[PDB]
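Single chain ahead, by itself, as structure tokens, in the form deposited in one PDB entry.
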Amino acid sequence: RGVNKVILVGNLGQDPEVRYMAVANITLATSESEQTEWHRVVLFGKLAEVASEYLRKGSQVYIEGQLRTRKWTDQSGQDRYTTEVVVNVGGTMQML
């Protein structure tokens, strides 16, 4: 079964892209120092409502989730893959 766990603590790059099917899309940024990196976090369930409700750009946050990489072939007929951090169950989100 193994374990797939990702922990990230960083600030948003832009206000949440919540879209009620709900599902929020956020791009967390986690530096060093700075090879500042960016992260594509997908907050499923209710946890999304909250993001919209009071998260909002600049906001520092804590996230626990799992790694999800989905492959999606494009027009030119080529296979491309996107890697993201999903917050379904288990994971969590926490304003700081």
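If you superpose the two forms and keep the largest set of C-alpha atoms that fall within 1.5 Å, you have the rigid core. Shifts are known only where both forms have a C-alpha. Numbers for residues come from their place in the sequence shown, where the first is 1.
One more form of this protein exists, namely the form deposited in another entry; it is left out here, but the text below deals with it.
- Remark: with the core as the superposition reference, the CA shift of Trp72 between this form and the one not shown stays below 2 Å.
- Superposition of the core reveals a Cα shift of less than 2 Å for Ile7 between this form and the one not shown.
- Relative to this conformation, a decrease of 3 Å or more in the Cα-Cα distance between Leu28 and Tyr81 is found in the other form.
- Cα of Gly65 to Cα of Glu84: at least 3 Å shorter in the other form than in the shown structure.
- The rigid-core fit between this form and the one not shown yields exactly one 3+ residue run with every Cα displaced by 2 Å or more: 76-96.
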